[PDB]
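A.B. asks: experimental coordinates follow, after the sequence.
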Amino acid sequence: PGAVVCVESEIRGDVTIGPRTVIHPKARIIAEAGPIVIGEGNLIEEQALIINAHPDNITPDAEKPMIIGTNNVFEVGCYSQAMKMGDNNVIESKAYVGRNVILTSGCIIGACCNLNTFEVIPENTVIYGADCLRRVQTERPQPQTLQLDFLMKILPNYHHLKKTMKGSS
Amino acid sequence: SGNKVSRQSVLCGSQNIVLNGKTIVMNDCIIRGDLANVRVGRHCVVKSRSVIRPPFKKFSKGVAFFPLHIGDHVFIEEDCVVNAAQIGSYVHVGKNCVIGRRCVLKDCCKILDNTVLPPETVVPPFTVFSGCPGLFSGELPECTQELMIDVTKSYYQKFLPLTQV
Amino acid sequence: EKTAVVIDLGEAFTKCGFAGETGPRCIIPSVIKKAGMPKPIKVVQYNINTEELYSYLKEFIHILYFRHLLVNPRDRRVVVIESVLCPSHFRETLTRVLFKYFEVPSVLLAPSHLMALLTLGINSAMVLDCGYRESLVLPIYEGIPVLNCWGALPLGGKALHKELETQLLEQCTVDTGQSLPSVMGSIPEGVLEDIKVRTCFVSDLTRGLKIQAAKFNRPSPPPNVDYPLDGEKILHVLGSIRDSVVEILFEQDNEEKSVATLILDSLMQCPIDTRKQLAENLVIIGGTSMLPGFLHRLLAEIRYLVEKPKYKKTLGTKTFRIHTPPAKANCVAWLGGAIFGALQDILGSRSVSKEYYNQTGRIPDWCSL
């Protein structure tokens, strides 16, 4: 308990959400392949498609359960089909996570950005929206102090906005 | 009365939501006005799969964002994530578009398909929007844009009359 | 009274702005963006239809003056900085577009090396302009450019692009979406420019000789770093490759030619009294000269070639000083044209006007009569 799960939002299979989690309207959480894991204070916006990769093959197993980090701001219309995520990661609207991934902490994915299959994004690095893997713009997204403070402010605004939405009903 | 809202479309927060005369909400539309109000102009055509989400809670102590807006004759294309954008009357939004936080769309604008208008992006009147990152492509014609908007309004009224309930 | 326009056309980039301002206002690339077109077409081209070029130049000038200048050039003069040996066909087309379509008051087709010399503020200098297509040499002595003393190998930016395309295709390492070499046949030019700016580390003379020895029967291979790319296909580019691409610019053997040797050939052609002042004032400008650690590798290679027996009998002991300009290496030619146009309303008179063009026929190129 203690997670704002919407009535219009859909869930399937094993899905253990953390404390203060916010599942917005019309959000798909298909965790049929493997047991989904959402971090504490993680906000899943509207029209989001949370998928999983079919896993457990003996030789070169494809995947494991997609573990989302705490304070992860998933924007509206964002695709997250089997991607390992770190704490304080802001995925923008209309994004698309790869079939396998390792998004490090203090990230900031751009809008309409195709995140890479079998690609680990480094700690503290803001993704440009269009052409994938853009190395530029990673200073203001530092690994902490700069991005940890900003993500804490973003988590507070998300919790305050979700509390106002919960109060309205 | 004249506003043809589809059966598959959803309008959360009816008191906050606002639809003018001769409107057209297509199928699978989401006018979510739970947190804040959503104002739609007269003769505005909201296409299918359009996510009309509210910008802010409006409960911030300082610098609260503007909820939502839409001028008259607004041609909102399909799959357009309209959020926190004050659309000027006769604004032609492109297909698969994305509006930013407090984005000021001017009168007689022409947003391109698959565009992404950033936060606090004041678009100029009579100008075609372009680029992956928002920028001025070129100056648009007044007569051509008005004729296209009139043709779109007439076609939407025919579909509004029949086959939706 | 009236600040004149400055243009510096080229195949890769185009420096443009106002006369008088220290450095240009903007530098948009030479290509143009067309509606309903797969790839962007280059404006500055040679050996191609006249009416098509005319339309291409109009299209480039139209997108330029609104964004760059914010004004009608009908009020005041223009300085079109053509590089010397830019085709007369292309100059005639430029002259037509400026007078027939737009109707400017005046134009000027002055050389790039003489204006780059005006920035230094010296009357005599050996000059080297390493652009995109060619790497042109031209010595100036006391104002006048010494013309028959010259040289230009096809060994600029375009040669470095072709070598990068060859070496990356031979040794490729792309990620999955690991292995899979040579999946894509070619790669875009704008990405390949960004790789040259960031990755390509220019080697020293001793390192360059060691690389040349390794190529024909391995020392100092590092450092290597990967390059990110769109569509989830990062490629692990190597460190020995980018050094080998830079090395072909200074490759002597079997042609008897390079960027360094081209200055010596230009100095050889020049007369005896002119010789020493040109050697003392050796100016380096252009796009390729902006590469990191380039001026040492050139000056060291120049000196090594002078030590060789074939150049000792003519040149011998010479003080090769490289007097650097105020502005950056790419934007020296533009700054000279801005100096030429802004200050002197008098030297605007020598250039060709609209009244002279209609009755006569054309701006006079360095030719007969």
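C.D. replies: Perfect, I can see it now. Numbering: from 1, shown residues only, chains lettered A, B, ... in the order given.

A.B. asks: chain A contacts on chain C?
C.D. replies: Proximity of chain C to chain A, by Cβ under 8 Å from any Cβ of the partner chain, involves residues C:175-178, C:228-234. Heads up, the C-betas are built off the backbone N, CA and C, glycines and all.

A.B. asks: one more time with 6 Å, if that's ok
C.D. replies: C:176-177, C:228, C:230-232, C:234 (Cβ under 6 Å from any Cβ of the partner chain).

A.B. asks: top of the residues you listed by neighbour count?
C.D. replies: Neighbour tally across those (other Cβ atoms under 10 Å in any protein chain shown): the maximum, 22 neighbours, falls on residue C:234.

A.B. asks: wait, what's in contact with the residue nearest the centre of chain C?
C.D. replies: For chain C, residue C:131 is the residue whose C-alpha lies nearest the centre (Cα atoms, centre = their mean; 1.7 Å). With Cβ atoms under 6 Å, 6 or more residues apart in numbering or on different chains as the criterion, the residues that contact residue C:131 are C:156, C:286-287.

A.B. asks: drop anything exposed from the residues you listed.
C.D. replies: C:156, C:286-287 (16 or more other Cβ atoms under 10 Å in any protein chain shown).

A.B. asks: run through the bridge partners of the most centrally placed residue in chain B.
C.D. replies: Nearest to the geometric centre of chain B sits residue B:76, at 4.6 Å (Cα atoms, centre = their mean). Under DSSP bridges, the beta-bridge partners of residue B:76 are residue B:46, residue B:93.

A.B. asks: wait, it touches residue B:46, no?
C.D. replies: Yes: when contacts are counted by Cβ atoms under 6 Å, residue B:76 is listed as touching residue B:46 (4.8 Å).

A.B. asks: helix, strand, or coil at the closest residue to residue A:8 other than its chain neighbours?
C.D. replies: Closest residue in space to residue A:8, ignoring its immediate chain neighbours: residue A:25 at 4.3 Å, by Cβ to Cβ, 6 or more residues apart in numbering or on different chains. Here residue A:25 is recorded as coil under DSSP: H, G, I helix; E, B strand; the rest coil.

A.B. asks: which one among the buried ones among the contacts of residue C:131 gets closest to residue A:165?
C.D. replies: residue C:287 (55.4 Å; Cβ to Cβ).

A.B. asks: residue C:131 versus the closest one, what's the distance?
C.D. replies: 5 Å (Cβ to Cβ, to the nearest Å).

A.B. asks: ok, the closest residue to residue C:219 other than its chain neighbours - how many residues close by?
C.D. replies: Spatially, and ignoring its direct neighbours in sequence, residue C:219 is nearest to residue C:210 (4.7 Å; Cβ to Cβ, 6+ apart). If you count neighbours by other Cβ under 10 Å, residue C:210 ends up with 15.

A.B. asks: and residue C:210, what element?
C.D. replies: Using DSSP states H and E, the element containing residue C:210 is helix C:205-215.

A.B. asks: before we move on, what about residue C:139?
C.D. replies: strand C:135-141.

A.B. asks: strands paired with that strand, and their directions?
C.D. replies: Short version: by DSSP bridges, strand C:135-141 pairs with strand C:125-130 (antiparallel), strand C:144-145 (antiparallel), strand C:151-153 (antiparallel).

A.B. asks: what parts of chain B come near chain A?
C.D. replies: Contact residues (Cβ under 6 Å from any Cβ) of chain B with chain A: B:34-35, B:51, B:57, B:59, B:116, B:132.
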